[PDB]
Structure formats: structure tokens, C-alpha cells
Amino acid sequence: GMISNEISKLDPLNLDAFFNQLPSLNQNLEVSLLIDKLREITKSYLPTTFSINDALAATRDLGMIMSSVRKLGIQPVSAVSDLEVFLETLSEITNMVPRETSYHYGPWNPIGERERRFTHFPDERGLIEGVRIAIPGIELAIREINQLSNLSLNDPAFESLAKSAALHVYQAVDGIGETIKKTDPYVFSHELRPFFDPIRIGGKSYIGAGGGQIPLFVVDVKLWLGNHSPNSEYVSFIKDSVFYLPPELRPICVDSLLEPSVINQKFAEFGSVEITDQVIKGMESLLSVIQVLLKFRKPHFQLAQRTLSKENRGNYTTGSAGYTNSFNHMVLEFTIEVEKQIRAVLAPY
């Protein structure tokens, strides 16, 4: 478990003053100052001496300087070739990618004066608050949904855990609503999106931080996807994402991809045991969770559609992971289909 407060409060590379300048440096395209800071960092710090929390915060801070350079069109590790050993040492300690993710940008990013930010645009706050709210709640919902596999539908503990998970997933809904109300789609495409492009590090390419990196897909795999669609595009996105996750989430995701999902296994229990009143309540509680997922994916799809429109898309047709809104349409159709299947099983009652 990575406690966010213990990471957000760190400044292991003494960059707090620099991050008050960074929005202005990025505005004036001052690539010399960005590159000079990367060079100073590799000479000023023995990263092998860092604790885990220090290395996570360093990844957060160094990652944002790197993404700023990449935003100008320069591969930062090709320009500062000593970065590669530095980043490699850091990722040995974190056992995470040598690059920042949504985790670094949201929950590990401090609130207030020290908040790390690429730009001066307040639309940026919409992305930061979006993932900073979404991630902790989704993580609690993962712990709770994981316990459902080992409870009976007829146990009120089942229904109560699923309800808790639905409440915690609502944090993803609150997160995307913060984005819808603060982030203008046109300012996103033209001012924010360019900071989330891929960076070549040790001969492979790491996508930038993205909303898709909140572990919502982990909820999906345990809850409905399981091992049921082996060749889908969504299982390929998840495949590519497992090792971007914090280590503690990786076994949950891997085992869930290799097992039947909760809803599939609870469908079997339902149509084979004595269907009582607690059992309907328990099955009703799984549909509640799914319906919360839709309360996220429906407005998310609209937001992505206004942003990728001809008028609004700027220079991009994809998200940071290389997909169009078609991918969102497919994840959301998958979820609508589970809601239909659950409502079918319940219709007699």
C-alpha cells in the first residue's frame, strides 16, 4: 500500500521553487531551462540512496519536467543521455515504469501551493482533481469487490459489500464531473493533451499519464470481464496497462484476467440455489455497482466526443494510450450489455 500523504508531501529533488516557475517556462518555450534542470538533477542526486516514497515522488517530479520537454518535440532521454541510468535506478526502487502516471499527477500530487502543474490554465485543475478523486475510491472498491467472490448471495454481508463498492465507485463519477465543469474541451486539446505524449526510455516507449490509468479496468476485470473475451481490444488495453499499475494492484488484475468474473459466477449461483429475498437484494447490489460504472462512462464518452470533434481536437485524434472514442464506445457497450444481462436474470422477480 502506497499512502498518498506520505508521497505528496515529499520534495526529494528540491524542485518546489522550480514548479512555481514551470507554467511560465512552458508558456515561453524555455527548453534550455528545462534541459538544464534535467542535467542538474542527474549530477546533484544519488538516486540509489532514495527510499521508496522518495523515488515515487522523484518519478512524479522528474516525469513532469520530462513531459514538458517532450511536449516541445524533443525526446528528453536522447537530449540528456545520463537520464537513462538515473531513471533506471529509480524504477528499480519503485518497480514502476520510469515515467509518471495518473497516480503521480493526482493522488501523489500535493494540494495547494505545491501542486505540480504543467500550465497556468485552470482547465488543468479539472484533470488533476479528476484523477485525484477517482483513484482512491476505485482502489477501495477493488478491495471490496474482491471479497464478493467468497460470499453467498444469501449473505447480507454480500449486499453490504457491493453497496460500499458502489459508493466508492461514485468517486469516479464525482471525479469526471469535476473535469466536465472545469476543463474546456478546446483548451484540453490545444494546451493540455500535448503534455501526455510518449517518451522513449531505454529503447522502449512509455505512454504519458492518462485517465485510463486509474485502475477502473481492474474493477471491470474482477466484476464482469473475467476471462470471457480472450481476444477483445479491451483485454489488449488491459494487458498493456498491468505493469503501469502500482505493484500491489498487479496480482489482483492478473488473477482476475485468468478466472471467471464475479457476475458470471454469481449468475450461476443464482440460477441454482434457493432464490430468497436476501438473494435478490444481493443480485440487485451487483447491478447497482454496474449502474454506477455507467454514470461514469456515459458522461465520459460525451466529454471525449466534444473534445475529439473536428472543431475541438487540435492536433490529435487519440488519447494518450493511442485510441479513439471508438474504444470508449466499446467499453461502454460492454457495460450496458452486463446491465441488460443482470436485468434479464431478475425480470421474473
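In this text, residue numbers run from 1 along the sequence as written.
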*Check the entry's C-alpha temperature factors for 46-54 and 280-288, then say which stretch has the higher mean.*
280-288
*Taking the mean of the C-alpha B-factors per stretch from the entry, tell me the winner out of 228-236 and 68-76.*
228-236
*Per the PDB entry, maximal CA B factor within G106, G203, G210, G177*: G203
*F158, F196, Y244, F118, ranked by C-alpha B-factor: the highest one*: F158
*What third of its chain, lowest, middle or highest, does the C-alpha temperature factor of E40 fall into?*
middle
*Cα B factor band for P185 (lowest, middle or highest third within the chain)*: middle
*Would you mind checking where the Cα B-factor of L153 ranks among the modelled residues of its chain, as the lowest, middle or highest third?*
highest
*Mind checking which third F334 falls in for C-alpha B-factor across the chain?*
highest
*Thinking about Cα B factors across the chain, which third does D61 belong to?*
lowest
